[PDB]
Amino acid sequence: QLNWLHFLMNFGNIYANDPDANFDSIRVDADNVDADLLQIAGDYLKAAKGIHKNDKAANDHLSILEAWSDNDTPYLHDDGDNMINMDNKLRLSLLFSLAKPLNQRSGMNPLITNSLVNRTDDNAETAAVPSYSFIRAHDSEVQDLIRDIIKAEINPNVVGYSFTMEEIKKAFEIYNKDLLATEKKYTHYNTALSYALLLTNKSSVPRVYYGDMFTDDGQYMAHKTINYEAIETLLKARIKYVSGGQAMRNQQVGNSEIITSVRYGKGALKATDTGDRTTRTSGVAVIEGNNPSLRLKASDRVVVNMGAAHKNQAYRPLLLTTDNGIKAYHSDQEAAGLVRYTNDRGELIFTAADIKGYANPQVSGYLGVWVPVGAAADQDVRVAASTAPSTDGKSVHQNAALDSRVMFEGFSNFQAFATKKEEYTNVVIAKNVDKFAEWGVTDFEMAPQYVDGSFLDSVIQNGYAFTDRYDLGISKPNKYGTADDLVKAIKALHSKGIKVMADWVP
């Protein structure tokens, strides 16, 4: 229903008499999506928000399709890029090359080529097709893993997803211990390696999942994951360093392989571009392996071309793999003891002294990330959207301005129920908006707000009549707080210029 969409996009106007309390954008939350409905949703955004006119209008109302497939990408593209779809091939490359157990783990080449964008050499001012990229989401796998854990370790007779509260309790004890284990029976390997690629890739809007920075269970933002520090470090570095063209390479070395991923720096689309002073102190190198047994030969070298702005230059680590986890460096001074140089050609050179396989709770393989020395404390290589008219018939354009955005899926289906007002998700969001701004979050994907411990979207969406979808914590609190708490959260995100995405189930 399009009149329910109209209500959601005017919730601030209708409930609060306050346009600053309106949602900015739409998550089209499908089973199957009819192409006709995608066209009508696009028509709403063009008529109401003028997204066809220029990138500033489009990027202030950036809307997505969630249909668990790539299938609608051609139709969305042909209909004028009025919303962006997921890059499902890249998600599957991250899952199989990095996250899977060793006996199912793919070679690393798909991380480069098995995507909407072949990132071997991505030098485009504007990518052909816009997208968002992610590794996990609220319904990507946890419900399945909790079922697997209960079936294997607690109750082998369980039918479907019909669990007792005590079964889910016990299953999360096992799940949470597995997150902290080197040898993982259930949970994903190499989360930080997946985020290092997601947050340095060109030509996609990355979406960070709440449950990769905080525990999937327990109170909102109460318990940081072991990967919180690595992911926060990458998010802050993305603002400061991540710009320009991309090169990805895949080298056989010793008994295994590595990939390299380079961004040339702001104002350098090609490896030959020299750019300006800001190009010199931006860009990044990511080095990854997915094999804990990786050992380089004494003669093995990994030569990493940083681009023509980076000849004869000091580099320092951002993230390095250690025996026990990942060390983060928060300044040039903190990394002073590990400075290395590019040569006359702008190449970093790594050896067995730098790269080997590790097995720890965060890494199954290898991660190293390097940034140029000398960035100002306030350096920000993001760019604002153009107000010049769009001239190709498309609304959303995957250019440097869209690449500057970060989406945050700001909920877990398995969050604990608040025991006091201070624990309500929407109260906590309002209190912590400075943190989302620090991370470069531009688009905040909120939980469904209408009026329950269900963790299956199927059960939730079946459990509420069409009138229930107008009750956004109004008749009684939703799981996330009162309607007034929702209004305050939307206004708080707007106070930092962060856009807020409504969950629209057609």
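Start at 1 with the first residue shown and count on from there.
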| query | According to the PDB entry, how many deposited residues between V451 and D452 are absent from the model (none, 1 to 3, 4 to 9, 10 or more)? | reply | 1 to 3
| said: With respect to the deposited sequence, is there a break between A30 and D31 in this entry, and if so is it 1 to 3, 4 to 9, or 10 or more residues, or none at all? | reply: 1 to 3
| task | Using the B-factors recorded in the PDB entry, average over the C-alpha atoms of 119-127 and of 419-427, then report which stretch comes out higher. | result | 419-427
| field | Selected stretch [higher average CA B-factor]: 95-103 or 178-186 | value | 178-186
| remark: Entry record, C-alpha B-factors for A437, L456, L472, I26; the maximum is at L456
| query | According to the deposited entry, which of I258, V363, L197, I146 has the largest Cα B-factor? | reply | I146
| query | Against its chain's modelled residues, does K476's Cα B factor rank lowest, middle or highest third? | reply | highest
| Chain third (lowest, middle, highest) by recorded CA B-factor, residue given as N399 | lowest
| field | Modelled-residue ranking by C-alpha temperature factor, third containing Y161 | value | highest
| note | Among the modelled residues of its chain, the C-alpha B-factor of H138 falls in the third labelled middle
| message | Split into thirds by Cα B-factor across the chain's modelled residues, where does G337 land: lowest, middle or highest? | response | highest
